[PDB]
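**Student:** would you be able to build a 3D model of this:
(one chain, ligands or ions: 1)
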Amino acid sequence: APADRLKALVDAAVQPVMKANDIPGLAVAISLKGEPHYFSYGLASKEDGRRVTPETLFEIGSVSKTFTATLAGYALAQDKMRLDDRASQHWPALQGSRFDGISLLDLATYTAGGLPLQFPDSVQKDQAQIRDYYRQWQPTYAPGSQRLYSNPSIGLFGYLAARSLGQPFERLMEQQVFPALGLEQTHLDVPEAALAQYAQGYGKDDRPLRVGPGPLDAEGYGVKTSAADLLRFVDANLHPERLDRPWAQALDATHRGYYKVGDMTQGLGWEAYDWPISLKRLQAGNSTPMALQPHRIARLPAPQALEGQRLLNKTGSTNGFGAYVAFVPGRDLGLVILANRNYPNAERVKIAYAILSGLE
Ligand SMILES: *[B]([O])([O])[C][N]C(=O)/C(=N\OC([C])([C])C([O])=O)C1=[C]SC([N])=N1
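**Tutor:** Residues are numbered from 1 along each chain as shown. Shown next is the protein structure:
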């Protein structure tokens, strides 16, 4: 009976949304009172008929920001940086720039003063171009005052966290972070031996789309992972105490809220809501206006623990893919939804809300 009821709940949430958004393939993974449950739908590749499984690799886009935040949490645990550091402390090229007056916290939480959603098209994936972009950038408004969701912002946060540890960002993730979290199916650069698992992404007229190189891509949006590995990461977030102590502290650093915008409390990577909350309010917090427009923040007088009666979440998108992760610390409940079409955030949240409501 229980396996039949859980399958009926997840199918009822997923199937109409896959049909309505023409999603070729979708993987669900659920952590429920310490047990994993997987539901796999459709095709990883339409052309070769490869089916989605819990081992299929998807692009998770900005869910990568929670991994970037975890690396910064490790640098914090090691006393190699502090969130109140000026950004230019960690990169001499930025000395004398406006990054002398911008904190690592500002970069991590998109409050540096109007760093845009993307690097401009004039900035290619090239160390000198990225360096020169930051050297010349000037805030539109005071650092710390307005949230503008931004790849160059948290990208530079990750880049500087890696500099504080004295190694390149991609090497630290591969050699230290993924192994510490027990993640063997999680990649910034998918090995040749694993390419057979890499789903195709789909856009307009089913154009094939896998993410191409971009400036600070690894830090902002570069992770490819399976539903099973991403649920292992959610389970690490639900139980940091099970990891070796520096890594427990690194995860805990991603569960601290600094300010509110509407119903959302901003952490490092994770965004949190009170739980329960209406589906419409969870959709609104993950809406296009929240992501694309500047919002004045309401700063907390001290950092707030993102635990208990809360939902922590993150959306992630690339041209071909749409991911969503959510978990409820105080209920030991976690959810991953990975798809190979970039379909609306509101639809991702609709699936998740139906599942989380029915596990409740
Ligand atoms: B992340 O996945 O949130 C980073 N997102 C992006 O770079 C892109 N869109 O950003 C918005 C519109 C905020 C979103 O909802 O993801 C992006 C990259 S390629 C593409 N089609 N969209």
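**Student:** residue ranges for the strands of the stretch 51-200 of the chain, please.
**Tutor:** 58-59, 146-147, 186-187 (DSSP state E, counting those that start in this stretch).
**Student:** can you give me the distance of the residue nearest to residue 163 when sequence neighbours are not counted to residue 313?
**Tutor:** Closest residue in space to residue 163, ignoring its immediate chain neighbours: residue 90 at 4.5 Å, by C-beta to C-beta, 6 or more residues apart in numbering. For the C-beta atoms, the positions are set from N, CA and C on the backbone; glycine is no exception. As judged by C-beta to C-beta, to the nearest Å, residue 90 and residue 313 stand 29 Å apart.
**Student:** cool, and residue 139?
**Tutor:** Counting by C-beta to C-beta, the gap from residue 139 to residue 313 is 28 Å.
**Student:** quick one: which of the two has more around it?
**Tutor:** Taking other C-beta atoms under 10 Å, residue 139 and residue 313 do not tie; residue 313 has more neighbours (24 against 16).
**Student:** re earlier: quick one: contacts for the residue nearest to residue 163?
**Tutor:** 81, 104, 160-161, 163-164 (C-beta atoms under 8 Å, 6 or more residues apart in numbering).
**Student:** would you point out the most distant pair within the residues you listed?
**Tutor:** Across the contacts of residue 90, the longest distance by C-beta to C-beta is 10.9 Å; it joins 104 and 163.
**Student:** burial of residue 272, as a residue count?
**Tutor:** Around residue 272 there are 24 residues (other C-beta under 10 Å).
**Student:** helix/strand/coil for it?
**Tutor:** Under DSSP: H, G, I helix; E, B strand; the rest coil, the three-state class of residue 272 is strand.
**Student:** so residue 104 and residue 163 - more neighbours on which side?
**Tutor:** residue 104 (26 against 18).
**Student:** thought that one was touching residue 159?
**Tutor:** No. Using C-beta atoms under 8 Å, residue 104 is not in contact with residue 159; the gap is 10.8 Å.
**Student:** okay, and the common contacts of the two?
**Tutor:** Counting by C-beta under 8 Å, 6+ apart, nothing touches both residue 104 and residue 159.
**Student:** remind me, longest helix of this structure?
**Tutor:** helix 2-20 (DSSP state H).
**Student:** can you check what angle separates the next helix or strand after that helix from helix 2-20?
**Tutor:** Downstream of helix 2-20, the first helix or strand assigned by DSSP states H and E is strand 25-32. Using axes from the mean of the first three to the mean of the last three C-alpha atoms, to 10 degrees, the inter-axis angle of strand 25-32 relative to helix 2-20 is 150 degrees.
**Student:** roughly how far is strand 25-32 from the heart of the chain?
**Tutor:** Chain-centre distance of strand 25-32: 16 Å, with C-alpha atoms, centre = their mean, to the nearest Å.
**Student:** having no further points to raise, I will conclude here.
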